[PDB]
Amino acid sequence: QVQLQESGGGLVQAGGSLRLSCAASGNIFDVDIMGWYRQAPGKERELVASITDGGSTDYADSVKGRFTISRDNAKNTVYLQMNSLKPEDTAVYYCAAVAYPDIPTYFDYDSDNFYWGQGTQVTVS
């Protein structure tokens, strides 16, 4: 339906730097709200940072000051610039987007208008 192509994961030193790029693909119209979720090994999933099309942001308290999320409304791409990667950031980062149809009825029994990605492994050494 709506695909989220992620890139920018791998192995990085402690205190290094990375950049996660998530491009939404397929939908004719814009995507409402995009964000990132990290799955910590042996833990639950956690919201990292989200950004709206209007310009509203929402970071997690654990990553406040270290990360920064931005987006491009031209081709619907979200960039999570991750600075000062601490070992608390080692997880599988998944991309998330909220996309609606043309004349949208906000009922959706298929995906709930919430689309995920395959996720990139981010390991901090």
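We number the residues from 1 along the sequence you see.
- For the pair 98 to 106 and 10 to 18, the mean B factor over Cα atoms is greater in 10 to 18.
- Once the C-alpha B-factors are averaged per stretch, 79 to 87 and 43 to 51 rank with 79 to 87 first.
- Taking the deposited Cα B-factors for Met34, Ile28, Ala60, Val92, the highest one is held by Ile28.
- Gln121 sits in the lowest third of its chain by CA B factor, as recorded in the PDB entry.
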